[PDB]
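Have a look at model34.cif below; it lists mmCIF, C-alpha atoms and all ligand atoms; chains and numbers go by the auth columns.
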data_upload
loop_
_atom_site.group_PDB
_atom_site.id
_atom_site.type_symbol
_atom_site.label_atom_id
_atom_site.label_comp_id
_atom_site.label_asym_id
_atom_site.label_seq_id
_atom_site.Cartn_x
_atom_site.Cartn_y
_atom_site.Cartn_z
_atom_site.B_iso_or_equiv
_atom_site.auth_seq_id
_atom_site.auth_asym_id
ATOM 1 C CA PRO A 1 68.764 18.040 -66.786 0.00 101 A
ATOM 2 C CA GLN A 2 70.047 16.946 -63.376 0.00 102 A
ATOM 3 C CA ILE A 3 73.796 16.467 -63.567 0.00 103 A
ATOM 4 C CA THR A 4 75.572 14.277 -61.047 0.00 104 A
ATOM 5 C CA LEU A 5 79.257 14.809 -60.314 0.00 105 A
ATOM 6 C CA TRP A 6 80.844 11.439 -60.528 0.00 106 A
ATOM 7 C CA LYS A 7 82.346 12.585 -63.824 0.00 107 A
ATOM 8 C CA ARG A 8 83.349 16.107 -64.896 0.00 108 A
ATOM 9 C CA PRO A 9 80.255 18.213 -65.828 0.00 109 A
ATOM 10 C CA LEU A 10 81.214 18.692 -69.451 0.00 110 A
ATOM 11 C CA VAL A 11 78.756 20.086 -71.920 0.00 111 A
ATOM 12 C CA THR A 12 78.800 21.201 -75.530 0.00 112 A
ATOM 13 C CA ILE A 13 78.760 24.977 -76.176 0.00 113 A
ATOM 14 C CA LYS A 14 78.324 26.806 -79.493 0.00 114 A
ATOM 15 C CA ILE A 15 80.164 30.054 -79.901 0.00 115 A
ATOM 16 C CA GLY A 16 81.264 31.833 -83.118 0.00 116 A
ATOM 17 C CA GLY A 17 79.426 28.993 -84.990 0.00 117 A
ATOM 18 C CA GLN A 18 81.880 26.392 -83.599 0.00 118 A
ATOM 19 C CA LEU A 19 81.086 23.550 -81.223 0.00 119 A
ATOM 20 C CA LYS A 20 83.448 23.310 -78.155 0.00 120 A
ATOM 21 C CA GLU A 21 83.382 21.445 -74.848 0.00 121 A
ATOM 22 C CA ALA A 22 83.213 23.310 -71.572 0.00 122 A
ATOM 23 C CA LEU A 23 82.909 22.646 -67.866 0.00 123 A
ATOM 24 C CA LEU A 24 79.986 23.877 -65.762 0.00 124 A
ATOM 25 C CA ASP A 25 81.965 25.476 -62.963 0.00 125 A
ATOM 26 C CA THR A 26 80.279 26.811 -59.836 0.00 126 A
ATOM 27 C CA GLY A 27 83.621 27.857 -58.406 0.00 127 A
ATOM 28 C CA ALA A 28 84.272 30.359 -61.208 0.00 128 A
ATOM 29 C CA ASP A 29 82.785 33.862 -61.056 0.00 129 A
ATOM 30 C CA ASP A 30 83.350 34.379 -64.769 0.00 130 A
ATOM 31 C CA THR A 31 83.391 32.445 -68.073 0.00 131 A
ATOM 32 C CA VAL A 32 86.772 31.851 -69.668 0.00 132 A
ATOM 33 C CA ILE A 33 87.401 30.242 -73.026 0.00 133 A
ATOM 34 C CA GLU A 34 90.589 29.289 -74.900 0.00 134 A
ATOM 35 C CA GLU A 35 92.114 31.611 -77.482 0.00 135 A
ATOM 36 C CA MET A 36 89.788 32.257 -80.403 0.00 136 A
ATOM 37 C CA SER A 37 88.672 35.267 -82.500 0.00 137 A
ATOM 38 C CA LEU A 38 85.563 37.057 -81.307 0.00 138 A
ATOM 39 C CA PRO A 39 83.853 40.168 -82.751 0.00 139 A
ATOM 40 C CA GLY A 40 84.176 43.665 -81.396 0.00 140 A
ATOM 41 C CA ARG A 41 86.402 45.641 -79.044 0.00 141 A
ATOM 42 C CA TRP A 42 87.827 44.076 -75.934 0.00 142 A
ATOM 43 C CA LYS A 43 88.848 45.405 -72.526 0.00 143 A
ATOM 44 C CA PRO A 44 91.625 44.100 -70.218 0.00 144 A
ATOM 45 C CA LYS A 45 90.926 41.962 -67.114 0.00 145 A
ATOM 46 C CA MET A 46 93.064 40.028 -64.626 0.00 146 A
ATOM 47 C CA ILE A 47 91.547 36.887 -63.096 0.00 147 A
ATOM 48 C CA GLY A 48 93.072 34.663 -60.427 0.00 148 A
ATOM 49 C CA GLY A 49 92.934 31.017 -59.565 0.00 149 A
ATOM 50 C CA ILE A 50 94.838 28.366 -57.793 0.00 150 A
ATOM 51 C CA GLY A 51 98.192 29.100 -59.271 0.00 151 A
ATOM 52 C CA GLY A 52 98.129 32.927 -59.543 0.00 152 A
ATOM 53 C CA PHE A 53 96.741 35.663 -61.861 0.00 153 A
ATOM 54 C CA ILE A 54 96.458 35.617 -65.704 0.00 154 A
ATOM 55 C CA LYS A 55 95.588 38.460 -68.193 0.00 155 A
ATOM 56 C CA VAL A 56 92.661 37.899 -70.333 0.00 156 A
ATOM 57 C CA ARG A 57 90.626 39.739 -72.995 0.00 157 A
ATOM 58 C CA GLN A 58 87.006 40.725 -72.033 0.00 158 A
ATOM 59 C CA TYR A 59 84.321 40.635 -74.685 0.00 159 A
ATOM 60 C CA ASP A 60 80.770 41.798 -73.880 0.00 160 A
ATOM 61 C CA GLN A 61 77.397 40.808 -75.090 0.00 161 A
ATOM 62 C CA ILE A 62 78.539 37.594 -76.857 0.00 162 A
ATOM 63 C CA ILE A 63 75.838 34.984 -77.916 0.00 163 A
ATOM 64 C CA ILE A 64 76.662 31.562 -76.592 0.00 164 A
ATOM 65 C CA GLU A 65 74.579 28.363 -76.559 0.00 165 A
ATOM 66 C CA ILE A 66 75.160 26.131 -73.526 0.00 166 A
ATOM 67 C CA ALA A 67 73.788 22.590 -73.795 0.00 167 A
ATOM 68 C CA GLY A 68 71.141 23.990 -76.079 0.00 168 A
ATOM 69 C CA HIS A 69 70.226 27.047 -73.903 0.00 169 A
ATOM 70 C CA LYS A 70 70.902 30.517 -75.375 0.00 170 A
ATOM 71 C CA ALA A 71 72.798 32.962 -73.147 0.00 171 A
ATOM 72 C CA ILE A 72 74.144 36.497 -74.066 0.00 172 A
ATOM 73 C CA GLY A 73 76.905 37.895 -71.910 0.00 173 A
ATOM 74 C CA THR A 74 80.502 38.472 -71.022 0.00 174 A
ATOM 75 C CA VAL A 75 83.151 36.066 -72.142 0.00 175 A
ATOM 76 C CA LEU A 76 86.866 36.192 -71.217 0.00 176 A
ATOM 77 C CA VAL A 77 89.476 34.802 -73.631 0.00 177 A
ATOM 78 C CA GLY A 78 92.882 33.633 -72.474 0.00 178 A
ATOM 79 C CA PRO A 79 95.272 30.874 -71.516 0.00 179 A
ATOM 80 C CA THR A 80 92.998 28.644 -69.614 0.00 180 A
ATOM 81 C CA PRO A 81 93.524 24.903 -69.245 0.00 181 A
ATOM 82 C CA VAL A 82 89.827 24.125 -69.911 0.00 182 A
ATOM 83 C CA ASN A 83 86.855 26.076 -71.215 0.00 183 A
ATOM 84 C CA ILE A 84 84.942 27.228 -68.064 0.00 184 A
ATOM 85 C CA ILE A 85 81.238 28.308 -67.877 0.00 185 A
ATOM 86 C CA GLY A 86 81.105 30.347 -64.701 0.00 186 A
ATOM 87 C CA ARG A 87 78.336 31.775 -62.568 0.00 187 A
ATOM 88 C CA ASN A 88 77.687 34.845 -64.825 0.00 188 A
ATOM 89 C CA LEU A 89 76.267 32.492 -67.445 0.00 189 A
ATOM 90 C CA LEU A 90 75.033 29.621 -65.159 0.00 190 A
ATOM 91 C CA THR A 91 72.544 32.194 -63.652 0.00 191 A
ATOM 92 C CA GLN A 92 71.277 32.961 -67.159 0.00 192 A
ATOM 93 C CA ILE A 93 70.426 29.325 -67.785 0.00 193 A
ATOM 94 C CA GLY A 94 68.795 28.988 -64.366 0.00 194 A
ATOM 95 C CA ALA A 95 71.323 26.522 -62.811 0.00 195 A
ATOM 96 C CA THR A 96 71.215 25.658 -59.169 0.00 196 A
ATOM 97 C CA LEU A 97 73.197 23.380 -56.868 0.00 197 A
ATOM 98 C CA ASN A 98 70.953 20.953 -54.898 0.00 198 A
ATOM 99 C CA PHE A 99 71.621 18.539 -52.107 0.00 199 A
ATOM 100 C CA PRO B 1 69.026 23.046 -49.769 0.00 1 B
ATOM 101 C CA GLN B 2 68.693 24.570 -53.254 0.00 2 B
ATOM 102 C CA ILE B 3 71.573 27.035 -53.752 0.00 3 B
ATOM 103 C CA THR B 4 71.276 29.766 -56.376 0.00 4 B
ATOM 104 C CA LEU B 5 74.418 31.130 -58.060 0.00 5 B
ATOM 105 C CA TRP B 6 73.960 34.920 -57.865 0.00 6 B
ATOM 106 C CA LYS B 7 76.688 34.793 -55.287 0.00 7 B
ATOM 107 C CA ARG B 8 79.641 32.462 -54.548 0.00 8 B
ATOM 108 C CA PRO B 9 78.316 29.153 -53.041 0.00 9 B
ATOM 109 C CA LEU B 10 80.065 29.327 -49.686 0.00 10 B
ATOM 110 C CA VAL B 11 79.209 26.937 -46.888 0.00 11 B
ATOM 111 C CA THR B 12 80.555 26.055 -43.452 0.00 12 B
ATOM 112 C CA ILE B 13 82.607 22.960 -43.092 0.00 13 B
ATOM 113 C CA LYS B 14 84.163 21.225 -40.107 0.00 14 B
ATOM 114 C CA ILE B 15 87.531 19.553 -40.559 0.00 15 B
ATOM 115 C CA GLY B 16 90.141 18.476 -37.999 0.00 16 B
ATOM 116 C CA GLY B 17 88.060 20.097 -35.248 0.00 17 B
ATOM 117 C CA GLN B 18 88.107 23.469 -36.979 0.00 18 B
ATOM 118 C CA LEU B 19 85.247 25.389 -38.602 0.00 19 B
ATOM 119 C CA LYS B 20 86.105 27.000 -41.972 0.00 20 B
ATOM 120 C CA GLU B 21 84.234 28.583 -44.903 0.00 21 B
ATOM 121 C CA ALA B 22 84.596 26.735 -48.284 0.00 22 B
ATOM 122 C CA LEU B 23 83.394 26.965 -51.867 0.00 23 B
ATOM 123 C CA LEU B 24 81.208 24.299 -53.390 0.00 24 B
ATOM 124 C CA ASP B 25 83.039 23.854 -56.701 0.00 25 B
ATOM 125 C CA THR B 26 81.735 21.606 -59.478 0.00 26 B
ATOM 126 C CA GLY B 27 84.833 22.565 -61.595 0.00 27 B
ATOM 127 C CA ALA B 28 87.267 21.026 -59.128 0.00 28 B
ATOM 128 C CA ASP B 29 88.212 17.354 -59.359 0.00 29 B
ATOM 129 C CA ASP B 30 89.817 17.472 -55.867 0.00 30 B
ATOM 130 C CA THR B 31 89.217 19.144 -52.470 0.00 31 B
ATOM 131 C CA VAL B 32 91.868 21.671 -51.503 0.00 32 B
ATOM 132 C CA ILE B 33 92.079 23.272 -47.995 0.00 33 B
ATOM 133 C CA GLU B 34 94.386 26.009 -46.695 0.00 34 B
ATOM 134 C CA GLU B 35 97.465 25.027 -44.667 0.00 35 B
ATOM 135 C CA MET B 36 96.504 23.274 -41.392 0.00 36 B
ATOM 136 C CA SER B 37 97.689 20.303 -39.474 0.00 37 B
ATOM 137 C CA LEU B 38 95.995 16.970 -39.996 0.00 38 B
ATOM 138 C CA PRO B 39 96.895 13.584 -38.475 0.00 39 B
ATOM 139 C CA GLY B 40 98.477 10.922 -40.583 0.00 40 B
ATOM 140 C CA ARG B 41 100.726 10.059 -43.416 0.00 41 B
ATOM 141 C CA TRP B 42 100.741 12.308 -46.536 0.00 42 B
ATOM 142 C CA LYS B 43 102.232 12.207 -50.073 0.00 43 B
ATOM 143 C CA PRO B 44 103.242 15.209 -52.125 0.00 44 B
ATOM 144 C CA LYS B 45 101.169 16.131 -55.237 0.00 45 B
ATOM 145 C CA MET B 46 101.049 18.988 -57.776 0.00 46 B
ATOM 146 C CA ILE B 47 97.632 20.363 -58.885 0.00 47 B
ATOM 147 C CA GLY B 48 97.010 22.879 -61.629 0.00 48 B
ATOM 148 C CA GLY B 49 94.384 25.378 -62.627 0.00 49 B
ATOM 149 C CA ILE B 50 94.173 29.030 -63.726 0.00 50 B
ATOM 150 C CA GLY B 51 97.590 30.520 -63.157 0.00 51 B
ATOM 151 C CA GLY B 52 99.541 27.254 -63.050 0.00 52 B
ATOM 152 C CA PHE B 53 100.474 24.607 -60.499 0.00 53 B
ATOM 153 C CA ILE B 54 100.957 24.466 -56.745 0.00 54 B
ATOM 154 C CA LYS B 55 102.377 21.782 -54.456 0.00 55 B
ATOM 155 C CA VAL B 56 100.079 20.239 -51.868 0.00 56 B
ATOM 156 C CA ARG B 57 100.041 17.430 -49.296 0.00 57 B
ATOM 157 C CA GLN B 58 97.585 14.605 -49.960 0.00 58 B
ATOM 158 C CA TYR B 59 95.804 13.131 -46.956 0.00 59 B
ATOM 159 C CA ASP B 60 93.655 10.061 -47.450 0.00 60 B
ATOM 160 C CA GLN B 61 90.406 8.980 -45.573 0.00 61 B
ATOM 161 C CA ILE B 62 89.686 12.326 -43.912 0.00 62 B
ATOM 162 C CA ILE B 63 86.235 13.068 -42.423 0.00 63 B
ATOM 163 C CA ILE B 64 84.671 16.397 -43.245 0.00 64 B
ATOM 164 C CA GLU B 65 81.256 17.695 -42.307 0.00 65 B
ATOM 165 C CA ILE B 66 79.882 19.854 -45.217 0.00 66 B
ATOM 166 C CA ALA B 67 76.885 22.046 -44.166 0.00 67 B
ATOM 167 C CA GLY B 68 76.036 19.359 -41.641 0.00 68 B
ATOM 168 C CA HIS B 69 76.528 16.318 -43.904 0.00 69 B
ATOM 169 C CA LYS B 70 79.476 13.883 -43.168 0.00 70 B
ATOM 170 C CA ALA B 71 81.599 12.708 -46.022 0.00 71 B
ATOM 171 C CA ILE B 72 84.933 10.887 -46.209 0.00 72 B
ATOM 172 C CA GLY B 73 87.646 11.284 -48.832 0.00 73 B
ATOM 173 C CA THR B 74 91.015 12.553 -49.940 0.00 74 B
ATOM 174 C CA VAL B 75 91.841 16.141 -48.942 0.00 75 B
ATOM 175 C CA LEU B 76 94.716 18.143 -50.388 0.00 76 B
ATOM 176 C CA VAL B 77 96.367 20.770 -48.115 0.00 77 B
ATOM 177 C CA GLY B 78 98.362 23.674 -49.320 0.00 78 B
ATOM 178 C CA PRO B 79 98.619 27.372 -50.152 0.00 79 B
ATOM 179 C CA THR B 80 95.213 27.917 -51.709 0.00 80 B
ATOM 180 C CA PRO B 81 93.567 31.350 -51.258 0.00 81 B
ATOM 181 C CA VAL B 82 90.137 29.832 -50.894 0.00 82 B
ATOM 182 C CA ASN B 83 89.004 26.444 -49.358 0.00 83 B
ATOM 183 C CA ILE B 84 87.539 24.339 -52.198 0.00 84 B
ATOM 184 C CA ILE B 85 85.121 21.430 -51.895 0.00 85 B
ATOM 185 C CA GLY B 86 85.498 19.444 -55.152 0.00 86 B
ATOM 186 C CA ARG B 87 83.605 16.672 -56.872 0.00 87 B
ATOM 187 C CA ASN B 88 85.286 13.874 -54.797 0.00 88 B
ATOM 188 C CA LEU B 89 83.268 15.057 -51.752 0.00 89 B
ATOM 189 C CA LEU B 90 80.256 16.695 -53.491 0.00 90 B
ATOM 190 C CA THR B 91 79.259 13.213 -54.758 0.00 91 B
ATOM 191 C CA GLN B 92 79.168 11.860 -51.242 0.00 92 B
ATOM 192 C CA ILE B 93 76.666 14.451 -50.073 0.00 93 B
ATOM 193 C CA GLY B 94 74.451 13.828 -53.065 0.00 94 B
ATOM 194 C CA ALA B 95 74.993 17.199 -54.785 0.00 95 B
ATOM 195 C CA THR B 96 73.686 17.732 -58.271 0.00 96 B
ATOM 196 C CA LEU B 97 73.589 20.612 -60.731 0.00 97 B
ATOM 197 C CA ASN B 98 70.089 21.273 -62.112 0.00 98 B
ATOM 198 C CA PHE B 99 68.794 23.414 -64.942 0.00 99 B
HETATM 199 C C1 LIG C . 87.086 32.444 -63.918 0.00 1 C
HETATM 200 S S1 LIG C . 88.545 31.463 -63.603 0.00 1 C
HETATM 201 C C2 LIG C . 89.073 32.200 -62.037 0.00 1 C
HETATM 202 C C3 LIG C . 88.312 31.456 -60.906 0.00 1 C
HETATM 203 N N1 LIG C . 88.461 32.340 -59.743 0.00 1 C
HETATM 204 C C4 LIG C . 87.376 32.868 -59.113 0.00 1 C
HETATM 205 O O1 LIG C . 86.257 32.806 -59.598 0.00 1 C
HETATM 206 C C5 LIG C . 87.486 33.699 -57.816 0.00 1 C
HETATM 207 O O2 LIG C . 88.872 33.752 -57.487 0.00 1 C
HETATM 208 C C6 LIG C . 89.161 34.316 -56.230 0.00 1 C
HETATM 209 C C7 LIG C . 88.121 34.666 -55.343 0.00 1 C
HETATM 210 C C8 LIG C . 88.491 35.158 -54.074 0.00 1 C
HETATM 211 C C9 LIG C . 89.816 35.315 -53.742 0.00 1 C
HETATM 212 C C10 LIG C . 90.868 35.008 -54.599 0.00 1 C
HETATM 213 C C11 LIG C . 92.257 35.178 -54.332 0.00 1 C
HETATM 214 N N2 LIG C . 93.189 34.833 -55.262 0.00 1 C
HETATM 215 C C12 LIG C . 92.937 34.266 -56.447 0.00 1 C
HETATM 216 C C13 LIG C . 91.580 34.087 -56.766 0.00 1 C
HETATM 217 C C14 LIG C . 90.549 34.432 -55.921 0.00 1 C
HETATM 218 C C15 LIG C . 88.931 30.105 -60.692 0.00 1 C
HETATM 219 O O3 LIG C . 90.045 29.733 -61.027 0.00 1 C
HETATM 220 N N3 LIG C . 88.000 29.315 -60.047 0.00 1 C
HETATM 221 C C16 LIG C . 88.410 27.892 -59.754 0.00 1 C
HETATM 222 C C17 LIG C . 88.290 27.700 -58.227 0.00 1 C
HETATM 223 C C18 LIG C . 89.083 28.664 -57.430 0.00 1 C
HETATM 224 C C19 LIG C . 88.433 29.702 -56.854 0.00 1 C
HETATM 225 C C20 LIG C . 89.135 30.648 -56.080 0.00 1 C
HETATM 226 C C21 LIG C . 90.473 30.430 -55.921 0.00 1 C
HETATM 227 C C22 LIG C . 91.173 29.414 -56.490 0.00 1 C
HETATM 228 C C23 LIG C . 90.485 28.468 -57.310 0.00 1 C
HETATM 229 C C24 LIG C . 87.508 26.918 -60.505 0.00 1 C
HETATM 230 O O4 LIG C . 86.260 26.827 -59.897 0.00 1 C
HETATM 231 C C25 LIG C . 88.163 25.607 -60.591 0.00 1 C
HETATM 232 O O5 LIG C . 87.971 24.751 -59.767 0.00 1 C
HETATM 233 N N4 LIG C . 89.102 25.339 -61.578 0.00 1 C
HETATM 234 C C26 LIG C . 89.298 26.294 -62.724 0.00 1 C
HETATM 235 S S2 LIG C . 90.856 25.739 -63.456 0.00 1 C
HETATM 236 C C27 LIG C . 90.685 24.073 -62.739 0.00 1 C
HETATM 237 C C28 LIG C . 89.859 24.086 -61.524 0.00 1 C
HETATM 238 C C29 LIG C . 90.721 24.184 -60.340 0.00 1 C
HETATM 239 O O6 LIG C . 91.292 25.169 -59.964 0.00 1 C
HETATM 240 N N5 LIG C . 91.025 22.936 -59.796 0.00 1 C
HETATM 241 C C30 LIG C . 91.871 22.735 -58.573 0.00 1 C
HETATM 242 C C31 LIG C . 91.318 23.591 -57.443 0.00 1 C
HETATM 243 C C32 LIG C . 93.297 23.138 -58.859 0.00 1 C
HETATM 244 C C33 LIG C . 91.732 21.173 -58.313 0.00 1 C
#
Please rewrite the model in this file as structure tokens.
Ligand SMILES: CSC[C@H](NC(=O)COc1cccc2cnccc12)C(=O)N[C@@H](Cc1ccccc1)[C@H](O)C(=O)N1CSC[C@H]1C(=O)NC(C)(C)C
Amino acid sequence: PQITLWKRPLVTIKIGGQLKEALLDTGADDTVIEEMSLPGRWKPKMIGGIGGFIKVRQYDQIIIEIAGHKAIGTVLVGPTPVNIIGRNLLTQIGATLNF
Amino acid sequence: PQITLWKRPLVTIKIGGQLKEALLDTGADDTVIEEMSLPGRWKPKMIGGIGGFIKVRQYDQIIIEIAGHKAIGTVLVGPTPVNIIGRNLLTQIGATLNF
């Protein structure tokens, strides 16, 4: 698809068998999702944004479907205001910005 | 241009006579620039993201040249660590996300 930006670029993701909504976010290096249970061991990470730094849980090699495209990679879990698909997974689906 | 997302999508912008580097950010509703002086009347606003909220000054009808393309819109000024070009100005330069 070709997504214009007059509205937020919200898509449906499937993770852990659940459907969720998430934003395609070119300003985010990483992918961060709201609190949920994921399989496996996690590692600690600090990420920062507009209002400061938050601690999150890093899970690796997680299967996630983004608007119907399968991606496998790192997902962070923490207290984020919105589910964010960042550039680590946007590169896996082949997304580009065009103007 | 077509901009791949292996790296942060940073471009040069010109605002208020000054050249600055800024991030093209499809996750941002608003455009937020580091503290600088701009002409005109402003109103205070709070904006939130990862980490919480910050206070900014809202300037209306500002002209910004984004990688050589002129756009006009609302610009928020305040203590951001990175200059952010959000959807309110990305629309005006005809930016789309494609996959
Ligand atoms: C994975 S979530 C963390 C993400 N941060 C980043 O990828 C990179 O951060 C940084 C890069 C370089 C220097 C930095 C210094 N101090 C803090 C963060 C920094 C982030 O919050 N990115 C956001 C943009 C941004 C990048 C760098 C600094 C600050 C903000 C995001 O694209 C967005 O637009 N979001 C995510 S939450 C809502 C919305 C957002 O903040 N909206 C505004 C800007 C408040 C309107």
Per residue of chain B within 8 Å of ligand LIG 1 (chain C), record the nearest atom pair and its distance in Å to one decimal, counting only C-alpha atoms and all ligand atoms, with rows in chain order and ascending residue number, as CSV.
residue,atom,partner,partner_atom,distance
B:23,CA,C:LIG1,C19,7.6
B:25,CA,C:LIG1,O4,5.4
B:26,CA,C:LIG1,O4,6.9
B:27,CA,C:LIG1,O5,4.2
B:28,CA,C:LIG1,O5,3.8
B:29,CA,C:LIG1,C33,5.3
B:30,CA,C:LIG1,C33,4.8
B:31,CA,C:LIG1,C33,6.7
B:32,CA,C:LIG1,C31,6.3
B:47,CA,C:LIG1,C32,5.1
B:48,CA,C:LIG1,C32,4.6
B:49,CA,C:LIG1,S2,3.6
B:50,CA,C:LIG1,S2,4.7
B:51,CA,C:LIG1,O3,7.9
B:53,CA,C:LIG1,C32,7.5
B:80,CA,C:LIG1,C22,6.4
B:81,CA,C:LIG1,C11,5.1
B:82,CA,C:LIG1,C21,5.1
B:83,CA,C:LIG1,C21,7.8
B:84,CA,C:LIG1,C31,6.5
B:86,CA,C:LIG1,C33,7.2
Could I get chain A fitted onto chain B (least squares, all C-alpha atoms, in order) as a compact mmCIF listing (two decimals) with C-alpha atoms, in the coordinates of the input?
# COMPACT_ATOMS: atom_id res chain seq x y z
CA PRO A 101 69.07 22.69 -50.04
CA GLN A 102 68.86 24.27 -53.50
CA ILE A 103 71.64 26.81 -53.87
CA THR A 104 71.36 29.58 -56.43
CA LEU A 105 74.49 31.24 -57.79
CA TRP A 106 73.90 34.92 -57.52
CA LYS A 107 76.37 34.89 -54.63
CA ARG A 108 79.36 32.59 -54.06
CA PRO A 109 78.23 29.11 -52.84
CA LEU A 110 79.94 29.33 -49.48
CA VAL A 111 79.21 26.82 -46.79
CA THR A 112 80.54 25.99 -43.35
CA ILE A 113 82.76 22.88 -43.06
CA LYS A 114 84.05 21.18 -39.89
CA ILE A 115 87.44 19.58 -40.09
CA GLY A 116 89.92 18.80 -37.27
CA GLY A 117 87.19 20.11 -34.87
CA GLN A 118 87.43 23.62 -36.39
CA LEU A 119 84.75 25.46 -38.34
CA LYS A 120 85.95 26.96 -41.71
CA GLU A 121 84.24 28.40 -44.77
CA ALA A 122 84.55 26.72 -48.14
CA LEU A 123 83.25 27.03 -51.67
CA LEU A 124 81.21 24.31 -53.38
CA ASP A 125 83.19 24.09 -56.60
CA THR A 126 82.01 21.98 -59.53
CA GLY A 127 85.02 23.01 -61.56
CA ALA A 128 87.48 21.38 -59.14
CA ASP A 129 88.23 17.65 -59.38
CA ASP A 130 89.66 17.61 -55.87
CA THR A 131 89.21 19.27 -52.45
CA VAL A 132 91.89 21.72 -51.37
CA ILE A 133 92.10 23.46 -48.02
CA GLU A 134 94.47 26.09 -46.60
CA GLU A 135 97.49 25.10 -44.52
CA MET A 136 96.52 23.29 -41.34
CA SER A 137 97.71 20.22 -39.38
CA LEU A 138 96.00 16.95 -40.22
CA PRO A 139 96.65 13.45 -38.81
CA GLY A 140 98.63 10.74 -40.52
CA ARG A 141 101.11 10.36 -43.37
CA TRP A 142 100.80 12.40 -46.51
CA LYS A 143 101.74 11.84 -50.14
CA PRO A 144 102.81 14.47 -52.73
CA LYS A 145 100.47 15.77 -55.48
CA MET A 146 100.64 18.54 -58.09
CA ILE A 147 97.36 20.22 -59.06
CA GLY A 148 96.84 22.87 -61.72
CA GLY A 149 94.51 25.77 -62.21
CA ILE A 150 94.22 29.00 -64.01
CA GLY A 151 97.60 30.34 -63.16
CA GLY A 152 99.77 27.17 -63.24
CA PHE A 153 100.62 24.17 -60.99
CA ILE A 154 101.08 24.11 -57.16
CA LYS A 155 102.44 21.32 -54.84
CA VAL A 156 100.16 20.14 -52.22
CA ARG A 157 100.06 17.51 -49.44
CA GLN A 158 97.53 14.62 -49.90
CA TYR A 159 95.80 13.20 -46.86
CA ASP A 160 93.46 10.20 -47.19
CA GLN A 161 90.41 9.10 -45.36
CA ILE A 162 89.84 12.42 -43.51
CA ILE A 163 86.38 13.03 -41.80
CA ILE A 164 84.87 16.29 -42.92
CA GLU A 165 81.38 17.72 -42.32
CA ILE A 166 80.03 19.83 -45.19
CA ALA A 167 76.97 21.95 -44.38
CA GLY A 168 76.06 19.33 -41.84
CA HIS A 169 76.65 16.26 -44.11
CA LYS A 170 79.42 13.83 -43.10
CA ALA A 171 81.92 12.87 -45.81
CA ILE A 172 85.17 10.76 -45.45
CA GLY A 173 87.78 11.16 -48.14
CA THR A 174 90.84 12.73 -49.64
CA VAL A 175 91.81 16.23 -48.75
CA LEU A 176 94.70 18.24 -50.26
CA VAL A 177 96.46 20.91 -48.18
CA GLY A 178 98.33 23.80 -49.75
CA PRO A 179 98.51 27.42 -50.82
CA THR A 180 95.07 27.91 -52.12
CA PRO A 181 93.31 31.28 -52.22
CA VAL A 182 90.02 29.81 -50.91
CA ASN A 183 88.98 26.53 -49.33
CA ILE A 184 87.51 24.44 -52.22
CA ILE A 185 85.11 21.43 -51.92
CA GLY A 186 85.57 19.63 -55.20
CA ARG A 187 83.75 16.84 -56.99
CA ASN A 188 85.38 13.99 -54.95
CA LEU A 189 83.39 15.15 -51.93
CA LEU A 190 80.36 16.76 -53.71
CA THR A 191 79.53 13.20 -55.03
CA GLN A 192 79.59 11.90 -51.46
CA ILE A 193 76.97 14.41 -50.37
CA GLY A 194 74.84 13.69 -53.44
CA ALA A 195 75.19 17.14 -55.14
CA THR A 196 73.94 17.72 -58.62
CA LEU A 197 73.83 20.69 -60.99
CA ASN A 198 70.29 21.36 -62.35
CA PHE A 199 68.95 23.68 -64.97
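Listed by chain and then by number, the residues chosen by the PyMOL selection byres (((chain B and resi 12) around 6) and not hetatm) in this file are residues 11, 13, 20, 21 and 67 of chain B.
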Restricting it to C-alpha atoms, dump the selection as an mmCIF file, in the coordinates of the input.
data_model
loop_
_atom_site.group_PDB
_atom_site.id
_atom_site.type_symbol
_atom_site.label_atom_id
_atom_site.label_comp_id
_atom_site.auth_asym_id
_atom_site.auth_seq_id
_atom_site.Cartn_x
_atom_site.Cartn_y
_atom_site.Cartn_z
ATOM 1 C CA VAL B 11 79.209 26.937 -46.888
ATOM 2 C CA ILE B 13 82.607 22.960 -43.092
ATOM 3 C CA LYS B 20 86.105 27.000 -41.972
ATOM 4 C CA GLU B 21 84.234 28.583 -44.903
ATOM 5 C CA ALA B 67 76.885 22.046 -44.166
#
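For the choices B:96, B:18, B:37, B:61, the atom-to-atom distance to chain A is smallest for B:96 when using all atoms listed in the file.
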Point-to-point distance in Å for atom CA of residue 124 of chain A and atom CA of residue 19 of chain B =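 Distance between the two atoms: 27.7 Å.
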Neighbours of residue 141 of chain A within 10 Å (all atoms listed in the file; same-chain residues fewer than 4 positions away dropped), as a ChimeraX atom specification?
-> /A:157-160
Write to file, as a PDB file, in the coordinates of the input, the residues of the selection just made, with C-alpha atoms.
ATOM      1  CA  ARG A 157      90.626  39.739 -72.995  1.00  0.00           C
ATOM      2  CA  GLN A 158      87.006  40.725 -72.033  1.00  0.00           C
ATOM      3  CA  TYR A 159      84.321  40.635 -74.685  1.00  0.00           C
ATOM      4  CA  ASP A 160      80.770  41.798 -73.880  1.00  0.00           C
TER       5      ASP A 160
END
Carefully work through the PyMOL selection byres (((chain B and resi 66) around 9) and not hetatm) for this structure and note down the residues it includes, as a CSV table (one decimal) with C-alpha atoms, keeping the file's coordinate frame.
chain,number,residue,atom,x,y,z
B,11,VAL,CA,79.2,26.9,-46.9
B,12,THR,CA,80.6,26.1,-43.5
B,13,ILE,CA,82.6,23.0,-43.1
B,14,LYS,CA,84.2,21.2,-40.1
B,15,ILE,CA,87.5,19.6,-40.6
B,22,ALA,CA,84.6,26.7,-48.3
B,64,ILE,CA,84.7,16.4,-43.2
B,65,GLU,CA,81.3,17.7,-42.3
B,67,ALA,CA,76.9,22.0,-44.2
B,68,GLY,CA,76.0,19.4,-41.6
B,69,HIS,CA,76.5,16.3,-43.9
B,70,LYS,CA,79.5,13.9,-43.2
B,71,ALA,CA,81.6,12.7,-46.0
B,85,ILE,CA,85.1,21.4,-51.9
B,89,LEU,CA,83.3,15.1,-51.8
B,90,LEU,CA,80.3,16.7,-53.5
B,93,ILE,CA,76.7,14.5,-50.1
